[PDB]
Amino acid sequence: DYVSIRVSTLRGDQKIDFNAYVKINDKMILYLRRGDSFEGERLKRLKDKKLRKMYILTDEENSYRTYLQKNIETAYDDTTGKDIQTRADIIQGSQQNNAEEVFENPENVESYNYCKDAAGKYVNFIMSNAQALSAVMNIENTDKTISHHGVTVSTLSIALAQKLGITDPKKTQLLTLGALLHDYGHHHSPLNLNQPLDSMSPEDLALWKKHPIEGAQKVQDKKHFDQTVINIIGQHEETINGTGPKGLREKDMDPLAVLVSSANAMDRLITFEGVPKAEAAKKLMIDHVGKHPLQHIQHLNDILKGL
């Protein structure tokens, strides 16, 4: 009768040609209506509801797929001059949805390859559109999900790669894909990520320390997983002074994981530890001295300042 859809796919100004329902106490309530769109403040209004999933009637699923398809086709289009925030709204949510799909179906080769293809599209979107990164950074991760957080980290990672002169398209795609999926270890975890690491109890911190190894272990034997992605999942918490969960130093790591580690540290502060964007870089330089290459943090500082 119903099929679920992820809320991150409801974005932009395209009018939906289906209704969507919320499930509460095992009943379906018509909440979004044919003709609705989600541009501007509506994104936050729906998002403030803290819903992950909504439902659509099976006889309208073709309408939903067509909606999705047009959203992506138009959002990635660099020729239309469509408002950059609307493009970013759609693309951010699509990347997020893609990551969720992989988290939920890690054995699904097709889901992984779709996400991988989309990660390459994301690189080009971010690098080609001057204001795309700032537009994406405007989309607050209010529900603190690892998928949204993956998108943010991948966004910063792309910009950092650009600053570092990393130009290989295969590397940037894999860096982005790994950043997207980096926190797979937290999937379905009972840990509340939305607290400072310095505030976690011994039990929460122990649980937290396992996530790179567990995330990596869960995908490392999957033949469709790229090694770069496995590396980033497993190594992204390592710091260059060997103070991360595994105690790896820079010399031990995939250089692309060192990059994601830097980008992640920034969003952890911003999204999970309540540090304002404009204070995060400085926070890392002083209170996280020596954990990440200073140059990475300086670049990230400039990235947030638009320099």
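Quick note: we count residues from 1 along the sequence shown, nothing fancier.
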Q: Between 104 to 112 and 144 to 152, point out the one with the higher average CA B-factor as the PDB entry records it.
A: 104 to 112
Q) On average, are the C-alpha B-factors higher in 260 to 268 or in 52 to 60? A) 52 to 60
Q | Residue with highest C-alpha B-factor in the PDB entry, from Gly185, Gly165, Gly120, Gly178 | A | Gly165
**Q.** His288 - which third its CA temperature factor falls in, relative to the rest of the chain
**A.** middle
Q. Lowest, middle or highest third: where is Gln131 by C-alpha B factor in its chain?
A. highest
Q) By the record's CA B-factor, is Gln14 among the lowest, middle or highest third of residues in the chain? A) highest
Q. What third of its chain, lowest, middle or highest, does the C-alpha temperature factor of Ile233 fall into?
A. lowest
Q. When the modelled residues of the chain are sorted by Cα temperature factor, does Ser189 land in the lowest, middle or highest third?
A. highest
